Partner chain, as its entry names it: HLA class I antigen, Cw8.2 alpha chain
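To begin, one chain is listed below as structure tokens, in the form solved without the partner chain.
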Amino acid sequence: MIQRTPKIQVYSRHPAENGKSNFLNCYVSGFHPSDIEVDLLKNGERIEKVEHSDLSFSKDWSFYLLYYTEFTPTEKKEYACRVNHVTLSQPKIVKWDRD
């Protein structure tokens, strides 16, 4: 068995086709097992309709999830990614550092 804590990166990307589109991304990488809970948050609020949850694996025991959705960030909110994984005794919340 192997378990690997996800690396969690939260970042925004504008698809080059539409600069006004902005995706909040939670890239959860390298984890195993694949069981995982990933949410994008705005303040504590789960962003419900995350358009993309792209899971892949490299090696059988390394999973990668790009969990991203269009958003329109306000300065008035914090955006984060919350990951639960067995390796994470507490939900890991990684804030988007937009600047």
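Positions refer to the first chain, counted from 1.
- With 21-29 and 71-79 compared on mean CA B-factor from the PDB entry, the stretch scoring higher is 71-79.
- In this entry, 47-55 shows the higher mean Cα temperature factor of the pair 47-55 and 60-68.
- Looking at the C-alpha B-factors along this chain, the one for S89 belongs to the middle third.
- Among the modelled residues of its chain, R98 has a C-alpha B-factor that falls in the highest third according to the deposited record.
The following text describes the form deposited with the partner chain bound, which does not appear among the structures shown.
- In the deposited bound form, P15, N25, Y27, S29, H32, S34, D54 are the residues of 15-54 with at least one heavy atom within 4.5 Å of the partner chain, listed from first to last.
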